[PDB]
Amino acid sequence: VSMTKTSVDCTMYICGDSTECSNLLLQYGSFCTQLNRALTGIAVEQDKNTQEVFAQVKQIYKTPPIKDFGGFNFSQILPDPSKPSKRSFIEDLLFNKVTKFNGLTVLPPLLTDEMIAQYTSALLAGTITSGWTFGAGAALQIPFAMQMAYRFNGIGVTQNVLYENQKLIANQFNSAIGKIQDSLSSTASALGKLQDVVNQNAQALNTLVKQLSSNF
Amino acid sequence: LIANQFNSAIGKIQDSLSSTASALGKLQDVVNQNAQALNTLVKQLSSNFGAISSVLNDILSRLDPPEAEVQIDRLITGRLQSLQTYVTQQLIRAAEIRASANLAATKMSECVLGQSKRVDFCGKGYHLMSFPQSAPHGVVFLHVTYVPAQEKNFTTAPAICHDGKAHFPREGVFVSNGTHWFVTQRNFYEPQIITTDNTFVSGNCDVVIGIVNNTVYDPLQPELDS
Amino acid sequence: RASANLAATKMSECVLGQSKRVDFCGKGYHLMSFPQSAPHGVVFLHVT
Amino acid sequence: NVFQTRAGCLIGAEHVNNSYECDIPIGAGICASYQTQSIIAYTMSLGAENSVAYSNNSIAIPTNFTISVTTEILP
Ligand SMILES: *[C@@H]1O[C@H](CO)[C@@H](O[C@@H]2O[C@H](CO)[C@@H](O[C@@H]3O[C@H](CO[C@H]4O[C@H](CO)[C@@H](O)[C@H](O)[C@@H]4O)[C@@H](O)[C@H](O)[C@@H]3O)[C@H](O)[C@H]2NC(C)=O)[C@H](O)[C@H]1NC(C)=O
Ligand SMILES: *[C@@H]1O[C@H](CO)[C@@H](O[C@@H]2O[C@H](CO)[C@@H](O[C@@H]3O[C@H](CO)[C@@H](O)[C@H](O)[C@@H]3O)[C@H](O)[C@H]2NC(C)=O)[C@H](O)[C@H]1NC(C)=O
Ligand SMILES: *[C@@H]1O[C@H](CO)[C@@H](O[C@@H]2O[C@H](CO)[C@@H](O[C@@H]3O[C@H](CO)[C@@H](O)[C@H](O)[C@@H]3O)[C@H](O)[C@H]2NC(C)=O)[C@H](O)[C@H]1NC(C)=O
Ligand SMILES: *[C@@H]1O[C@H](CO)[C@@H](O[C@@H]2O[C@H](CO)[C@@H](O)[C@H](O)[C@H]2NC(C)=O)[C@H](O)[C@H]1NC(C)=O
Ligand SMILES: *[C@@H]1O[C@H](CO)[C@@H](O[C@@H]2O[C@H](CO)[C@@H](O)[C@H](O)[C@H]2NC(C)=O)[C@H](O)[C@H]1NC(C)=O
Ligand SMILES: *[C@@H]1O[C@H](CO)[C@@H](O[C@@H]2O[C@H](CO)[C@@H](O)[C@H](O)[C@H]2NC(C)=O)[C@H](O)[C@H]1NC(C)=O
Ligand SMILES: *[C@@H]1O[C@H](CO)[C@@H](O[C@@H]2O[C@H](CO)[C@@H](O)[C@H](O)[C@H]2NC(C)=O)[C@H](O)[C@H]1NC(C)=O
């Protein structure tokens, strides 16, 4: 969704605190301002991305304490308040699997990871307790089994199939969630799409810094 | 009622656009970015890049042919890298604008010329229809959407157990206001009596988790007895 | 940015409603999805 | 009037204990705005809290509707 909001300052990077170098640099016109402007544009866009992806719910919903969802078991994905942060179990597994001073700065994101966790908790509680109706206007509660009957009716399987197979379907869903949990805990290749982003940014900065050591 | 609500909504759009100018930031930002890029490109000409003077006729008029090439080479390299920087950034920005042009064409094809079920594609709500409008270097869509308003609590039940057989709604949902059971469409409280023309039968009452007892009146029996 | 736009589309059309676009939300007939955060990205669980 | 934020030292703005929508973002959750008149810096707010009254036998059905018109602008 978003890269790292890096920024640079041309004068410090090129002519480190050197008056003679900074007087020579002025003959290249507006090269400095142009680069700073481009990097600031990227930096702002990076927060626009997160805002657009996550901030799609008007109000922060919450799940009731009495979790009786007709058989399904969401405790793996819902928030765990015992933990300091609000991150759920699978969110923690995801976070635990993803891993100078030349003018380079790393600005911080506008939405902190805790606030992002609050957004996703809102979305998850909303879908669980109100189907798809929180998407359009107000959120109208509906029993989860009836929501799933609506969903089956949505794909050409009549309602009675769900109700007559409710316990079986609940068990299959729970086991599938368990298998996702085990897959993420065991293997580490799944998160390549994010690790490639982090690696590419780190390599770009390492090349940028190593370039200061060249004679030219 | 629907006609009046639609007309009032259009009027409010007109008033909002008349009052609030910042509405078209998306287009104004593109115009500003292009003007800024050209402004910097032009301003680059007043830079020496190391030569004796940033104007080329002074170099040509002051210095001998065998010596002019050093100053002119400095100016040419500087201006050439400036022009390449401009062109590259324009190419990237044009790619972004083409992405928006393809998105706008898709919205017009799917949302104007038809009705789309893709959630939140055309405005926050169930989508009804859209109207295009031009704008300077861009397009404005007016999305007309249906938003449910006033909700009432009802007690529900997945199925109705009558005569031993379990009845499910043909299309709708069972609701009760406290003492009687009715079947309604899911998006507007319009309650109907539970008949055998609103429900279908499947199995018996021992499998469904939450079935409730009631009667499913049959339209055929009174007419057949009469 | 292109990936972020695809993620926003998926969240709107998959988390907030059922989708009939084939293979937009995982192989099979889509039922529901659940978002989860991740460092610099989002992870969807697609129930099909 | 000197606030320490996870993004730097903000001098000139009065820290408060409320939380409103963001007006001028600073970073790491903090946002600043001109209100009661001075510049304040407050933790961002994600929206009004809500808690759907879920129960296994209760449904809410609309009894009325609105027709809305929204505008979307695309370059
Ligand atoms: C669904 O919501 C609609 C609005 O979102 C409701 O429509 C409104 O219903 C009532 C009566 O139709 C009116 O709302 C108020 O009415 C009082 C008194 O009505 C008198 O004055 C109005 C305005 O001159 C006039 O139109 C009436 O005929 C009466 O002479 C007004 O004093 C209020 O200002 C307010 O308008 C509206 O007339 C009407 N709105 C529209 C746009 O027609 C509708 O009733 C709701 N549905 C249900 C089932 O409750
Ligand atoms: C839930 O909905 C039912 C269905 O409308 C309501 O039952 C109906 O209530 C009205 C008013 O109490 C009854 O009218 C009364 O009954 C007599 C004989 O039918 C009628 O001639 C009079 O006009 C009298 O006012 C109506 O009969 C009754 N329907 C049936 C089939 O008995 C019920 O009141 C609603 N409950 C709640 C809590 O809203
Ligand atoms: C919906 O209606 C049916 C039938 O009207 C209800 O089934 C009835 O359930 C009760 C309690 O489980 C049964 O009572 C039992 O009676 C036998 C003698 O017949 C007695 O030996 C037991 O100790 C018990 O008292 C009743 O027989 C049974 N009716 C039948 C089988 O025809 C059903 O409970 C109703 N739904 C709900 C939610 O109550
Ligand atoms: C819902 O799923 C949870 C997640 O596994 C289960 O509760 C766990 O059950 C196992 C087996 O006893 C133990 O790890 C703990 O008792 C529970 N986990 C934790 C972290 O406490 C169970 O399948 C379901 N729980 C409920 C309450 O229905
Ligand atoms: C819906 O939830 C309610 C509340 O938990 C359930 O009511 C319980 O029912 C069991 C057995 O029927 C009783 O032992 C409890 O004492 C009831 N609790 C309350 C608070 O009423 C109800 O059973 C659930 N619906 C279904 C179909 O099981
Ligand atoms: C809001 O402003 C500051 C927060 O920076 C509060 O100062 C501390 O607030 C915590 C929790 O509100 C208290 O436990 C501390 O005792 C406060 N510090 C002192 C020295 O008392 C301040 O109290 C808050 N005020 C209001 C009105 O919310
Ligand atoms: C349906 O009923 C429920 C409970 O009777 C309503 O939810 C409660 O509303 C009161 C205020 O009216 C709050 O004080 C409670 O906290 C609410 N309950 C919960 C669990 O949050 C609900 O408002 C009713 N639905 C409608 C449309 O009025």
# chains A, B, ... in the order shown; residues from 1 in each chain; ligands from 1

$ interface_residues --of "chain B" --to "chain A" --cutoff "6 Å" --atoms "only C-alpha atoms" --output "list in words"
residues 47, 48, 49, 124, 125, 147, 207 and 208 of chain B

$ interface_residues --of "chain C" --to "chain A" --cutoff "6 Å" --atoms "only C-alpha atoms" --output "MDAnalysis selection string"
chainID C and resid 4 8 16:17 31 38 40:41

$ residues_near_ligand --ligand "ligand 5" --cutoff "12 Å" --atoms "only C-alpha atoms and all ligand atoms" --output "VMD selection string"
(chain A and resid 65 to 71 143 to 146 163) or (chain B and resid 155 to 159 207 to 212) or (chain D and resid 54 to 58)

$ residues_near_ligand --ligand "ligand 4" --cutoff "7 Å" --atoms "only C-alpha atoms and all ligand atoms" --output "ChimeraX atom specification"
/A:73-76

$ write_last_selection --atoms "N, CA, C and O atoms" --output "short mmCIF file (atom, residue, chain, number, x, y, z; two decimals), in the first residue's frame"
data_model
loop_
_atom_site.label_atom_id
_atom_site.label_comp_id
_atom_site.auth_asym_id
_atom_site.auth_seq_id
_atom_site.Cartn_x
_atom_site.Cartn_y
_atom_site.Cartn_z
N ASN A 73 -16.39 -18.88 14.42
CA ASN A 73 -15.43 -18.59 15.49
C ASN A 73 -14.40 -17.61 14.95
O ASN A 73 -13.46 -18.01 14.26
N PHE A 74 -14.55 -16.34 15.31
CA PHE A 74 -13.72 -15.27 14.76
C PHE A 74 -12.62 -14.82 15.71
O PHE A 74 -11.97 -13.81 15.43
N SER A 75 -12.41 -15.52 16.82
CA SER A 75 -11.47 -15.03 17.82
C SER A 75 -10.04 -14.94 17.29
O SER A 75 -9.21 -14.28 17.90
N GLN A 76 -9.75 -15.59 16.17
CA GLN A 76 -8.41 -15.50 15.60
C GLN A 76 -8.16 -14.14 14.97
O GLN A 76 -7.02 -13.68 14.95
#

$ interface_residues --of "chain B" --to "chain C" --cutoff "12 Å" --atoms "only C-alpha atoms" --output "PyMOL selection string"
chain B and resi 95-96+99-100+103+116-126

$ select_by_dssp --residues "chain C" --states "strand (DSSP E)" --output "MDAnalysis selection string"
chainID C and resid 32:38 41:47

$ write_last_selection --atoms "C-alpha atoms" --output "PDB file, in the first residue's frame"
ATOM      1  CA  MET C  32     -17.019 -12.746   2.154  1.00  0.00           C
ATOM      2  CA  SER C  33     -13.687 -11.199   3.005  1.00  0.00           C
ATOM      3  CA  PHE C  34     -11.892  -9.992   6.108  1.00  0.00           C
ATOM      4  CA  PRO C  35      -9.129  -7.363   6.094  1.00  0.00           C
ATOM      5  CA  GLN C  36      -6.037  -7.487   8.267  1.00  0.00           C
ATOM      6  CA  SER C  37      -3.274  -4.953   8.520  1.00  0.00           C
ATOM      7  CA  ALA C  38       0.381  -5.631   7.791  1.00  0.00           C
ATOM      8  CA  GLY C  41       0.186  -3.165   3.354  1.00  0.00           C
ATOM      9  CA  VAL C  42      -3.062  -5.024   3.762  1.00  0.00           C
ATOM     10  CA  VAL C  43      -3.905  -8.733   3.781  1.00  0.00           C
ATOM     11  CA  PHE C  44      -7.299 -10.099   2.790  1.00  0.00           C
ATOM     12  CA  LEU C  45      -8.798 -13.397   3.900  1.00  0.00           C
ATOM     13  CA  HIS C  46     -11.207 -14.417   1.145  1.00  0.00           C
ATOM     14  CA  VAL C  47     -13.926 -16.879   2.179  1.00  0.00           C
TER      15      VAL C  47
END

$ residues_near_ligand --ligand "ligand 6" --cutoff "12 Å" --atoms "only C-alpha atoms and all ligand atoms" --output "PyMOL selection string"
chain D and resi 1-5+14-19+41-43

$ write_last_selection --atoms "C-alpha atoms" --output "tab-separated table (two decimals), in the first residue's frame"
chain	number	residue	atom	x	y	z
D	1	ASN	CA	3.54	26.13	24.46
D	2	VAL	CA	6.22	23.56	23.57
D	3	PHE	CA	4.95	20.11	22.58
D	4	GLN	CA	7.08	17.02	21.98
D	5	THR	CA	5.61	14.85	19.21
D	14	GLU	CA	-1.23	24.72	22.47
D	15	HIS	CA	-1.64	21.02	23.19
D	16	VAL	CA	-5.18	19.93	24.04
D	17	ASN	CA	-6.84	16.75	25.27
D	18	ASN	CA	-9.73	16.63	22.80
D	19	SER	CA	-9.80	14.86	19.44
D	41	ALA	CA	-2.39	20.24	18.33
D	42	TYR	CA	-4.51	17.20	19.12
D	43	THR	CA	-4.51	13.46	18.56

$ residues_near_ligand --ligand "ligand 2" --cutoff "7 Å" --atoms "only C-alpha atoms and all ligand atoms" --output "list in words"
residues 177, 178, 179 and 180 of chain B

$ write_last_selection --atoms "N, CA, C and O atoms" --output "PDB file, in the first residue's frame"
ATOM      1  N   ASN B 177     -43.420  -8.187  14.621  1.00  0.00           N
ATOM      2  CA  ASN B 177     -43.573  -6.944  15.357  1.00  0.00           C
ATOM      3  C   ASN B 177     -43.884  -7.168  16.826  1.00  0.00           C
ATOM      4  O   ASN B 177     -44.094  -6.196  17.556  1.00  0.00           O
ATOM      5  N   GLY B 178     -43.926  -8.417  17.273  1.00  0.00           N
ATOM      6  CA  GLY B 178     -44.144  -8.713  18.672  1.00  0.00           C
ATOM      7  C   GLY B 178     -45.133  -9.835  18.895  1.00  0.00           C
ATOM      8  O   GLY B 178     -44.987 -10.618  19.836  1.00  0.00           O
ATOM      9  N   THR B 179     -46.145  -9.930  18.036  1.00  0.00           N
ATOM     10  CA  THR B 179     -47.171 -10.954  18.175  1.00  0.00           C
ATOM     11  C   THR B 179     -47.502 -11.693  16.889  1.00  0.00           C
ATOM     12  O   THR B 179     -47.993 -12.826  16.967  1.00  0.00           O
ATOM     13  N   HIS B 180     -47.256 -11.112  15.720  1.00  0.00           N
ATOM     14  CA  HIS B 180     -47.602 -11.728  14.451  1.00  0.00           C
ATOM     15  C   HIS B 180     -46.367 -11.829  13.572  1.00  0.00           C
ATOM     16  O   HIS B 180     -45.417 -11.059  13.714  1.00  0.00           O
TER      17      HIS B 180
END

$ residues_near_ligand --ligand "ligand 1" --cutoff "7 Å" --atoms "only C-alpha atoms and all ligand atoms" --output "VMD selection string"
(chain B and resid 1 4 to 5) or (chain D and resid 63 to 66)

$ write_last_selection --atoms "C-alpha atoms" --output "tab-separated table (two decimals), in the first residue's frame"
chain	number	residue	atom	x	y	z
B	1	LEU	CA	-41.83	12.01	-3.06
B	4	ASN	CA	-39.09	15.98	-4.97
B	5	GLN	CA	-36.08	14.44	-3.21
D	63	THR	CA	-38.93	1.95	6.52
D	64	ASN	CA	-37.94	4.87	4.27
D	65	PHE	CA	-35.24	6.04	1.92
D	66	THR	CA	-33.42	9.04	0.54

$ residues_near_ligand --ligand "ligand 7" --cutoff "6 Å" --atoms "only C-alpha atoms and all ligand atoms" --output "list in words"
residues 151, 152 and 153 of chain B; 51 and 53 of chain D

$ closest_atom_pairs --of "chain B" --to "ligand 3" --cutoff "9 Å" --atoms "only C-alpha atoms and all ligand atoms" --output "tab-separated table"
residue	atom	partner	partner_atom_place_in_ligand_line	distance
B:161	CA	ligand 3	1 (C)	7.1
B:162	CA	ligand 3	1 (C)	8.0
B:163	CA	ligand 3	4 (C)	8.5
B:164	CA	ligand 3	3 (C)	8.0
B:205	CA	ligand 3	1 (C)	8.8
B:210	CA	ligand 3	38 (C)	8.4
B:211	CA	ligand 3	38 (C)	7.3
B:212	CA	ligand 3	38 (C)	5.6
B:213	CA	ligand 3	1 (C)	4.9
B:214	CA	ligand 3	1 (C)	8.0
